[PDB]
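Quick notes on the structure that follows.
Positions of Cβ are backbone-derived with ideal geometry, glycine not excepted, and every protein chain shown enters the neighbour counts. Read the figures in this text as sums done on the coordinates, not as results from a lab.
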Amino acid sequence: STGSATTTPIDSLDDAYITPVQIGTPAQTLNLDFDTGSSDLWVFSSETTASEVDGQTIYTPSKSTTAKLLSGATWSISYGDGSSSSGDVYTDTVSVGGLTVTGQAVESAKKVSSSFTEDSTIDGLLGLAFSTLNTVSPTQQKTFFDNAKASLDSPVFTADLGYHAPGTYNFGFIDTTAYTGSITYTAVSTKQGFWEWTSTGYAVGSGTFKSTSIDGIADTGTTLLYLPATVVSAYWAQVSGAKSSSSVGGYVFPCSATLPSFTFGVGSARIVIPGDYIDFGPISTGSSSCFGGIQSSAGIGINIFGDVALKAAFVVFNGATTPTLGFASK
Ligand SMILES: CCNCCOc1ccc(OCc2ccccc2)cc1
């Protein structure tokens, strides 16, 4: 089997992407944030505290003839950005782009943090990291990809995120029309439950490439590119008037600037992030100070190849017995 779904930016900055997901019988379509940095499929629901729902579409398990309470199961997650959610668990039929899993754990939120409430466009998350991170207790549950894997034509999914435009998540096949040149594959460590890999280095604009190992995660659920402070300082030093602002919480730059590109290595291959991808717009409405799309990871404990990086590439998440990542230009 295969599946193919379009993923759409939630706003004009590509702050996140949403993909429609069918849950239950008859189908209830929710727009989920596909997150290769987490492993829980959770939704706004009929159980969510009423004051914490503000325009999201909810899953109502009582209206699904295939929904079954997973007795005694709870979940609770806290994300790297400080957001959180928790609740109970149903199993139900879940389809993405034509690919159906029966018996998927659908984690129904009873509580969500303010950042979720305040974003009307995201109805929940669909985690695509390794199932070892799933938070369901006392019986850990599998991701949608892990449940689909054995049925797929190939045990893969691909992320093809757009810059200020829709893109695609495919399951079970690699669309050879969706990229240029060849896909370079690189080793993955699953030891922290992430799609963790080692970039071979970077360049700033037309500058010389610096060969250096940068360990990090391929994370579709993180907006920005978070890299070591040395690399980030080297990038922003090429932008007149850019500075790290403790008050704003990262590097800012004059909105009048034209940003340089940023290149990262994948083995001997190179992925070039155009400068425009690194502009996250005014820090506050009407400001001439703009927020940067490349930020330090120093305060995180891991480097994160988030959407800024991944949207410059066609990315293969290869769930073969030994997982690997593939990157192509496009
Ligand atoms: C650790 C990162 N990845 C997992 C958490 O992913 C989130 C997704 C959405 C969200 O909603 C608020 C929001 C949306 C867009 C950009 C900034 C913040 C919070 C967290």
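For the peptides 283-294, 123-134, what is the packing order when you average, over each peptide's residues, the other Cβ atoms within 10 Å and list the highest mean first? Don't jump to the answer; show the numbers that get you there.
Numbers: 283-294: 16.3, 123-134: 23.6.
Packing proxy ranking, top to bottom: 123-134, 283-294.
Where the centre of each part is set by its Cα atoms, how far does the range 119-159 sit from the range 96-116, in angstrom?
If we compute the Cα centre of each part, the gap is 10 Å.
Name the residue farthest towards the positive end of the dipole of the range 5-174 from the options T74, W42, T29, assuming +1 on Cβ of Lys and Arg, -1 on Cβ of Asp and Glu, about the Cα centre.
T74
Do you know the relative contact order of the range 175-330, to the nearest whole percent, from alpha carbon pairs under 8 angstrom that are 6+ apart? Let's see the in-between values first.
Numbers: 347 pairs, mean separation 49.7, N = 156.
Once divided by the residue count of the range 175-330, the mean separation gives 32 percent.
Under 8 Å for C-alpha pairs, at least 6 residues apart: give me the relative contact order for the chain, rounded to a whole percent. Mind dumping the intermediate values first?
Details: 879 pairs, mean separation 61.4, N = 330.
Averaging sequence separation for qualifying contacts and normalising by length gives 19 percent for the chain.
Which length gain, in nm to one decimal place, applies between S213 and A187 when the Cα-Cα distance is subtracted from 0.36 nm times their residue separation? Walk me through the intermediate numbers first.
Details: separation 26, 0.36 × 26 = 9.36 nm, distance 1.27 nm.
Additional length available on full extension: 8.1 nm.
Straight-line reach from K330: which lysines fall under 24 Å, measuring Cα to Cα and dropping same-chain residues less than 8 apart?
Reachable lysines: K210, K311.
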